[PDB]
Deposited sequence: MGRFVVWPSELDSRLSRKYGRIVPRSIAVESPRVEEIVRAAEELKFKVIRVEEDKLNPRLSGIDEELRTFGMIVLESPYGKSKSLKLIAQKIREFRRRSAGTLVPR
């Protein structure tokens, strides 16, 4: 359905307590808003909103619409970002 993706949810540098949701092996180090959006589009998810504030440290959020629930979508996104990085 529709949900928010917060980059920390996919960040392998973080504990679950600090925001990571995906298993650390699936997660990637310091995922960027730009990478998440790129993956979402490759995965044919609809991008509803992308907000980014850079102060440079980046703070951001993405709202997505997907054929699947958030958990599954986050994994597909993390895997896609890993692909991007392996090339």
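Asks: Tell me which segments of the deposited chain sequence are not represented by C-alpha atoms in this structure.
Replies: Coordinates drop out over 1, 57-66, 99-106.
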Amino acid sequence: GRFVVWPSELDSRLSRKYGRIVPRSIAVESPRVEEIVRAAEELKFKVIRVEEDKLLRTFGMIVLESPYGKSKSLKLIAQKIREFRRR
From here on, numbers count along this sequence of modelled residues.
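Asks: If you average the Cα B factors in the entry, which is higher, 46-54 or 30-38?
Replies: Averaging CA B-factors over each stretch, the winner is 30-38.
Asks: Would 7-15 or 67-75 have the larger average of its C-alpha temperature factors, as given in the entry?
Replies: If you average the C-alpha B-factors of 7-15 and of 67-75, the larger mean comes out for 67-75.
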